[PDB]
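Two forms, one chain: they're shown below as C-alpha cells, one block per form, named structure 1 and structure 2.
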Structure 1
C-alpha cells in the first residue's frame, strides 16, 4: 500500500551491490538520508514465498548491533523491492587498509573482533549471511576509529545468487565448501571470516587459482598451508584461530562465539607483547585489491557497452515512430514521453525513481544539446556509460602501481582469469588490436581488447 517514491527522493547513486543498485535517498518530509537497495524482480529470483520474506524483514528491522547494518523500511511494487537502511560513508574495509602505512595483528584482531561480534549476534537471532566477503565490510564513517558494518545479512536466504561473472567477482575465495554441495548452516560464516582473517595477515587468499572454477576446486578440497615467507612474522595463536575457523567439517569448526574468546582475540584486542607491522601483507592486499577492482571494472565496462547499444537503438526507434513529419526533430514533452517509454519497456532505472527524476535527466541532456533527437540520444546514452568508462581508466591507473603506463601478459592473464575470459579468446583479440605485440598493452589497447570481447 505504501509507495517508496512518495516518501523518498533519489539524490545520487552510491554503487552496485549484491542483488541490485544502491541509491542515496532522502525522506521528503524529515530530511533523513538513507541508502536504498533497489532489487529488480525481473533480474533477481526469489528463493522463498512473500510471507517468509515479510517475516524476515520485520525481524531484521527490529535487530540492532554496532557491527550490523541498520534496516529501516521495506517496500515492494510490481517490478521491484526497496530495502531502505542506514548510509555508511567510510567505504570498503580493504580500500581503507591499503591507504595506511602500517598494519599489524593488533589491527587485524580489532577488525575480526568486530566482524565476529556482529556474526555472533546475528547467529543468536537465526540469521546466516552465506556471502560474507571483504566487500560486505563497510566502515561507518571516514574517521580512523570508524566501526565496521556488515551489509546484506539474511538476503541470500531470500534472493538467488547471480550466475553472471560481473556479479560473482571475488565470491569463490570466501564461500564455504558446504555451501557448494547444499547442506549448510551458520558455521559457513565462520569459514568466510577465517578466509578474510587469512588474507588480513598475509594478503593472499588461502584457496587460489587462475580462474573461478580452479578456486572452487581448491575450496572444495579444503586444503591450504601457512607456507609463505610472510607467515613467519605472524603469531602461532593467529594461525590456531584460522585452523579452527577453516576446519572442513562444520560441526568440528569453531563457533563465532567461541572465536571471540580465542587466545588471539583476547590478547591482541587488550591494551596490555611486541607487535610488528605486516609490510608484505599490506603490499599483497594492495595488489590483490587493485586486481579485483580492475577485473570488476572491465566486466562492468563490457556490460554497460552492450546495454548502451541495446538502449541507443531502442530509443532511436521510439523517437523515429514519434517523429510525425520525419524532420528528425522533436519537442521537450515528446522526448520525455519517449525516454519514459524506454524505461517502461526496458525496466525502471535505479537513478530514475519517478517521472520527476526522468524529467530532470531529460533537462540535463537538453542543456548540453524543435531539437535533433539523434543528438539527444548520443548525449543521454554517453551519460549512462560515463561512470563505467571513467571507473575502467581509474582502475587501470590504480593497478599500474609503477606508472609504467602498461600491463604485462602475465598481468592480463591474472586479470582475465579473475574476469573468467578464456585464455585463447583474449589472446586472439590482442592479435587483432595490435599485430606486432611485445607482451604488454597500454590503456587504449586494453580498452580496445574489451570492446572486441563484447562484439565491437
Structure 2
C-alpha cells in the first residue's frame, strides 16, 4: 500500500506525454528530482496483473538509451510512473536549432536509437509508438545521448483525442494498423525517422490523418525528391530494408547496427530547412489544439494560495503559448500565414477544410488569404464554441 503523495511533492509541469501529463517532482526525504507521468484511470488494455509484472520487468532493465523507470504507483483514480529527468528536450527541437546537419550526425542519432531498441527486444519489449517526441536528449548539448521514452507503455494502455494522438500517423507500421504485429514495427518506425532526418520529409505524407494512414497502409514511397542526391546510396539501402512491408522480410534492429551505413558513418541544408518547416507546423497545430482545450476547460461555471474571477490571468498565459508557436512558425517574420499554410496546419489538426474557411469569413470578411496572429486566435476561438 504505497502512497505517491507520502513520498513526492510536485514542482513544475514538465510537459505532456502519452497517456497523461508529466510532472517534475521531488522526494520529501532525499531531495531527488523525478519525472512523474500521471495516467488518469485511459483504459488498461491487459490484465491489472499483466501490468505490475511488466512494470516489474521494466524497473530492472538498464540501457544508456532507454528511459529509467524508478517507481510505479496506483491509487483509485490514477497511475503514477516515477522516472528519471532528462533536460535536453526532444531530438528534433534541437536539430532545428542546428545550422549544419550532416549524414554522420543523423547516423549517430539513429545508431543510438537502434541500440536501445535492440536491447529492449532481447528482453522482448515492443514499443509500437516510437516517434520523435519519445526521443529526449539527456542534456543541453548537441552530442548528448538520446533516451527513448515509453518503451513498454502501450502493451497495456489504449490511446482518440486529436489534441493528443497528433503527429503519430507518420510513424506507425502498416501491420500495427491491421492488428498483427511484433517487435519489427519498431524497426519500421525508426526507418521513417531515419528518412525524415535525411530529407526533412516523412516518407508517407498527406493533408490529414486518414490520408497519411492510407499512404502508410499502401506502404509505397520514393527517393524522388531533390534532397536525396547528396544522400549516399548506403543510407537509402538501410532505409529500404527497414521500410520493408512484410515484417518477416523486414530487417531486425540488431542487423540495422551491422549495416554498412551505421558501421561506416558534406551537409544537408535542405533537410534542415524542411525539418524546420515540419517541426513548426507540428508544434503549431498542437498549440492550436491545446489552446482550444484550455479555452473549454474554463470550469469558471463551477462558481500554495496564489490568490494573492481571475481567469483572465490564465487566458493571457495560453494566448502566449499559442503566440510563441505562431511566431516560431512564421520564420520569414512576415506576421502572417497564408491560406495554404492554414490548410496544412488545420489539416494535421483535423479541422474540416470547410469548417475553418467558414470561420475565417466570420472573423474578417476582407482577408486576401492571409491571417495575422490575432485573426488566427479569433478563428480557433470560434472553432471551439467561442
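Numbering follows the first chain given and starts at 1. Superpose the two forms; the largest set of C-alphas matching within 1.5 Å is the rigid core.
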Shift test between structure 1 and structure 2 (rigid core reference, C-alpha, 2 Å or more cutoff) over 233, 257, 218, 384 hits only 384
Would you mind giving the Cα movement of residue 144 between structure 1 and structure 2 in Å, after fitting on the rigid core? 2.6
Please report, in Å, how much the Cα atom of residue 27 moves between structure 1 and structure 2 when the rigid core is superposed. 0.4
